[PDB]
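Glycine also receives a Cβ, built like all others from the backbone with ideal geometry; neighbour counts cover every protein chain displayed. Computed from the coordinates by the stated procedures, all read-outs in this text should not be read as laboratory data.
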Amino acid sequence: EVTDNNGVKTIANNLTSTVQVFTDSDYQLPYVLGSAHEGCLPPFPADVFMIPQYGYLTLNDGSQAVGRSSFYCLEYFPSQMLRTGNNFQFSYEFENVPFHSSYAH
Amino acid sequence: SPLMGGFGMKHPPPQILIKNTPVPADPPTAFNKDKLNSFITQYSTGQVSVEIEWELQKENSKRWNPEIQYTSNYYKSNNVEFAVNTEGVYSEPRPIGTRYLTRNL
């Protein structure tokens with residue numbers, strides 16, 4: 001928790017506040033991984049990184065939406081609440097993707 | 001995929017060719033080797049029934065903006081859409097597509 005009194009930054013932790021985590025495990029959200037968006041994990045392990053913000057795009061006739069323009073509300077998904085003593089874990093099985101070509105002809 | 005739309009099948013449902021057999025009218029008393037071109041005019045009638053079970057793929061999108069659907073306009077008009085005219089002729093006013101729901105790429 002960050003407190004700002006007279007421009008003095010005092011940072012004391014909340015042993016009660018919760019942080020939500022959930023995985024879009026049915027791809028029913030607009031997939032935004034896959035354009036090399038600069039928010040990915042730090043090349044050097046020690047490097048502490050800031051988690052990038054999630055914001056999608058939909059249809060747009062100019063800058064105005066259309067009827068098909070979808071609005072996915074993230075909280076409408078079953079989250080999981082971690083509150084400083086819990087951990088999250090999902091195991092994912094990669095589908096049969098062909099071997100990449102690591103060789104020059 | 002046939003460019004007019006539909007399904008491309010290597011073995012589509014077969015043709016059902018129907019012919020009502022010739023019945024020669026009255027061949028001569030004396031023999032004659034020709035093809036006996038004098039048949040009695042006739043036709044047929046019946047019913048034909050085609051039961052063709054489809055398989056669906058139900059939709060489970062987590063979209064929050066209401067989907068776009070196909071409806072028949074509520075407004076007074078001389079004839080109901082897709083309903084017979086005063087003379088009995090069945091009139092279809094507009095072609096109906098099959099792409100109304102929305103699924104993200």
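Can you tell me which residue within segment A:30-52, out of those that are within 23 Å of residue B:61 (Cα to Cα) and not small (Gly, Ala, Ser), is nearest to the other protein chains (Cβ to nearest Cβ)?
Step one: of segment A:30-52, the residues within 23 Å of residue B:61 (Cα to Cα) are A:30-34.
Still in the running and not small (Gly, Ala, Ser): A:30-33.
Details: A:30: 5, A:31: 8, A:32: 11, A:33: 13 Å.
Residue satisfying both the conditions and the ranking: A:30.
Considering segment A:48-81 alone, what residues qualify as being over 20 Å from residue A:29 (Cβ atoms) and either of a type in the set (A, V, I, L, M, F, W, C) or under 14 Å from the mean Cα position of the chain (by Cα) (or both)?
A:48, A:49, A:50
For segment B:47-69, does any single residue satisfy the condition of being acidic (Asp, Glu) and surrounded by 10 or more Cβ atoms within 10 Å (Cβ to Cβ)?
Kept after step one, since they are acidic (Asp, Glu), are these residues of segment B:47-69: B:51, B:53, B:55, B:59, B:67.
Keeping just the survivors that are surrounded by 10 or more Cβ atoms within 10 Å (Cβ to Cβ) gives B:59, B:67.
Yes, some residue in segment B:47-69 is acidic (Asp, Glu) and surrounded by 10 or more Cβ atoms within 10 Å (Cβ to Cβ).
Confirm whether residue A:78 is within 17 Å of residue B:104 (Cβ to Cβ), within 14 Å of chain B (Cβ to nearest Cβ) and touching a residue at least 24 places away in the same chain (Cβ under 8 Å).
When the stated conditions are applied, residue A:78 does not pass them.
Quick one: is residue B:36 surrounded by 10 or more Cβ atoms within 10 Å (Cβ to Cβ), in a loop (DSSP other than H, G, I, E, B) and aliphatic (A, V, I, L, M)? Spell out the reasoning first.
Values: surrounded by 10 or more Cβ atoms within 10 Å (Cβ to Cβ): yes; in a loop (DSSP other than H, G, I, E, B): yes; aliphatic (A, V, I, L, M): yes.
Spelling it out, residue B:36 is indeed surrounded by 10 or more Cβ atoms within 10 Å (Cβ to Cβ), in a loop (DSSP other than H, G, I, E, B) and aliphatic (A, V, I, L, M).
Counting only residues that are among the hydrophobic types (A, V, I, L, M, F, W, C) and within 25 Å of the chain's Cα centre (by Cα), which one in segment B:42-81 is farthest from the other protein chains (Cβ to nearest Cβ)? Walk me through how you get there before you give the answer.
So in segment B:42-81, the residues among the hydrophobic types (A, V, I, L, M, F, W, C) come out as B:48, B:50, B:52, B:54, B:56, B:64, B:68, B:80.
With the extra rule that they be within 25 Å of the chain's Cα centre (by Cα), the set shrinks to B:48, B:50, B:52, B:54, B:56, B:80.
Values: B:48: 40, B:50: 35, B:52: 31, B:54: 24, B:56: 18, B:80: 25 Å.
Here the answer is B:48.
What are the pairs, 6+ residues apart or on separate chains, where a residue within segment A:61-72 that is within 14 Å of chain B (Cβ to nearest Cβ) has its Cβ under 6 Å from a residue that is loosely packed, with under 14 Cβ neighbours inside 10 Å and among the acidic types (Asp, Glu)?
Cβ pairs passing all conditions: none.
Return yes when residue A:98 is surrounded by 10 or more Cβ atoms within 10 Å (Cβ to Cβ) and either more than 14 Å from chain B (Cβ to nearest Cβ) or farther than 28 Å from residue A:17 by Cα (or both) and no when it is not. Lay out the reasoning, then the answer.
On the way: surrounded by 10 or more Cβ atoms within 10 Å (Cβ to Cβ): no; either more than 14 Å from chain B (Cβ to nearest Cβ) or farther than 28 Å from residue A:17 by Cα (or both): yes.
So residue A:98 fails the test.
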